[PDB]
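What follows is a single structure, written as structure tokens, with notes after it.
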Amino acid sequence: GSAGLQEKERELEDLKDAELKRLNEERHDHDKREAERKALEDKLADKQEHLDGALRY
């Protein structure tokens, strides 16, 4: 693998660095936390399921 024979290049390292920054931010972690809080509230209360709406008019 020399003279650019391999598809991998310097930009490869840069890509990995970007991933590290994203992980550090932990932005997705916050989203999961919010979802958990929503479940606790159970405002929708759509957890309960029965029949098929036949009972309801």
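Scheme for the structure tokens: letters A, B, ... for chains in order shown; per-chain residue numbers from 1; ligand numbers from 1 in order shown.
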Q: Identify, with DSSP run on backbone atoms, the residues in chain A assigned to helix (DSSP H, G or I), and express the list as a PyMOL selection string.
A: chain A and resi 11-25+27-41
